[PDB]
């Protein structure tokens, strides 16, 4: 199930098994939090997030956190939006540009050069059980 500890762990593993992501993020450094805004109806009254400890193409660790999460980059969105993105119904780069996926911490200037890594992060997420 999305945004659960089991998912976070399976995602980190999938990223480490992805040669495409590994190549795309070869020089990437920095943690990334995928945050879901509070949604009581969905069982996330305080919000939830998956925080990825990413480094040079690898995932050194992941974790699902209830509430606010700390990271070098934080991308926040409504659960429905994340469901669309992580399921391939919404393209991530355009979603970020329109603000559907909101960059809460970090700058576009710093993230722009890693657009392919972002595309791969999302493509890999889609393949997680």
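Residue numbers (our numbering): 272 to 400.
We put the CB at the ideal spot given by N, CA and C, even for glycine.
Secondary structure note for residue 355: its alpha helix (DSSP H) is the uninterrupted segment 350-356.
In the same chain as residue 361, and ignoring 5 residues on each side of it, the C-beta atoms closer than 6 angstroms to its own belong to 355, in chain order. Taking the CA atoms as reference points, residue 375 sits about 21 angstroms from residue 326. Following the DSSP letters along the chain, one finds residue 394 inside the alpha helix (DSSP H) bounded by residues 386-397.
Annotated three-state conformation of residue 331 is strand, per DSSP.
Contact check for residue 274 against residue 335 passes: the beta carbons are separated by less than 9 angstroms.
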